[PDB]
file work01.pdb (PDB, C-alpha atoms (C1' of nucleotides))
ATOM      1  CA  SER P   7      -2.526  -7.680   6.473
ATOM      2  CA  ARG P   8      -3.533  -5.998   3.870
ATOM      3  CA  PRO P   9      -0.203  -4.443   2.677
ATOM      4  CA  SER P  10       0.523  -1.403   4.763
ATOM      5  CA  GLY P  11       0.071   1.393   2.124
ATOM      6  CA  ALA P  12       3.768   2.240   2.590
ATOM      7  CA  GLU P  13       4.118  -1.328   1.302
ATOM      8  CA  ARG P  14       2.227  -0.371  -1.892
ATOM      9  CA  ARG P  15       4.825   2.468  -2.390
ATOM     10  CA  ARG P  16       7.520  -0.272  -1.859
ATOM     11  CA  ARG P  17       6.001  -2.475  -4.667
ATOM     12  CA  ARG P  18       6.867  -0.077  -7.501
ATOM     13  CA  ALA P  19      10.040   0.898  -5.582
ATOM     14  CA  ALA P  20      11.255  -2.743  -5.678
ATOM     15  CA  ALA P  21      11.121  -2.332  -9.478
ATOM     16  CA  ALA P  22      11.813   1.383 -10.359
TER      17      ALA P  22
ATOM     18  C1'   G A   1       5.858  12.663  -6.544
ATOM     19  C1'   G A   2      12.055  13.387  -3.344
ATOM     20  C1'   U A   3      10.790   9.254  -0.283
ATOM     21  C1'   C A   4       9.346   6.301   3.824
ATOM     22  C1'   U A   5       5.440   4.921   6.496
ATOM     23  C1'   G A   6       0.458   3.343   8.719
ATOM     24  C1'   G A   7      -4.369   0.041   8.070
ATOM     25  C1'   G A   8      -7.480  -0.559   6.193
ATOM     26  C1'   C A   9     -10.768  -0.414   2.013
ATOM     27  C1'   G A  10     -13.018  -1.707  -3.035
ATOM     28  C1'   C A  11     -10.820  -5.828  -5.656
ATOM     29  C1'   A A  12      -7.719 -10.514  -7.071
ATOM     30  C1'   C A  13      -4.139 -14.204  -5.498
ATOM     31  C1'   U A  14      -2.617 -17.732  -1.331
ATOM     32  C1'   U A  15       0.897 -20.925   2.678
ATOM     33  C1'   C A  16      -4.258 -17.751   4.780
ATOM     34  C1'   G A  17       0.905 -15.687   7.021
ATOM     35  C1'   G A  18       1.502 -12.412   3.357
ATOM     36  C1'   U A  19       1.907 -11.647  -2.266
ATOM     37  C1'   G A  20      -0.340  -7.958  -5.819
ATOM     38  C1'   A A  21       4.397  -1.409  -9.516
ATOM     39  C1'   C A  22      -4.750  -2.638  -9.451
ATOM     40  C1'   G A  23      -9.212   1.881  -8.216
ATOM     41  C1'   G A  24      -4.867   5.024  -5.686
ATOM     42  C1'   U A  25      -0.015   8.591  -3.292
ATOM     43  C1'   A A  26      -5.121   7.766  -2.785
ATOM     44  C1'   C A  27      -5.864   8.983   2.517
ATOM     45  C1'   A A  28      -3.723  11.071   6.785
ATOM     46  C1'   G A  29       1.354  11.450   9.052
ATOM     47  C1'   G A  30       7.342  11.706   9.450
ATOM     48  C1'   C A  31      13.104  14.749   7.300
ATOM     49  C1'   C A  32       9.391  17.404   1.504
TER      50        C A  32
END
call {"tool": "encode", "arguments": {"input": "work01.pdb", "output": "structure tokens"}}
result
Amino acid sequence: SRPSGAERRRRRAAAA
RNA sequence: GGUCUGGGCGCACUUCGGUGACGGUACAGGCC
């Protein structure tokens, strides 16, 4: 969309 | 940052939708 900033916090939170 | 968001930016991917724990949680907001 770009990724929704919250969606950046979800990137690392998919993993950690 | 407990954590979620929002929508771009300055960059790289790609079906051009979204994917990217990159500058960077930085910006401004929710129960902090």
call {"tool": "atom_distance", "arguments": {"input": "work01.pdb", "atom1": "CA of residue 15 (chain P)", "atom2": "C1' of residue 5 (chain A)"}}
result
9.2 Å
call {"tool": "closest_atom_pairs", "arguments": {"input": "work01.pdb", "of": "chain A", "to": "chain P", "cutoff": "8 Å", "atoms": "only C-alpha atoms (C1' of nucleotides)", "output": "tab-separated table"}}
result
residue	atom	partner	partner_atom	distance
A:4	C1'	P:12	CA	7.0
A:5	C1'	P:12	CA	5.0
A:6	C1'	P:10	CA	6.2
A:7	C1'	P:10	CA	6.1
A:8	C1'	P:8	CA	7.1
A:18	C1'	P:7	CA	7.0
A:21	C1'	P:18	CA	3.5
A:25	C1'	P:15	CA	7.9
call {"tool": "atom_distance", "arguments": {"input": "work01.pdb", "atom1": "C1' of residue 11 (chain A)", "atom2": "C1' of residue 24 (chain A)"}}
result
12.4 Å
call {"tool": "atom_distance", "arguments": {"input": "work01.pdb", "atom1": "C1' of residue 3 (chain A)", "atom2": "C1' of residue 30 (chain A)"}}
result
10.6 Å
call {"tool": "axis_aligned_box", "arguments": {"input": "work01.pdb", "around": "chain P", "padding_each_side": "4 Å", "output": "AutoDock Vina command-line options"}}
result
--center_x 4.1 --center_y -2.6 --center_z -1.9 --size_x 23.3 --size_y 18.1 --size_z 24.8
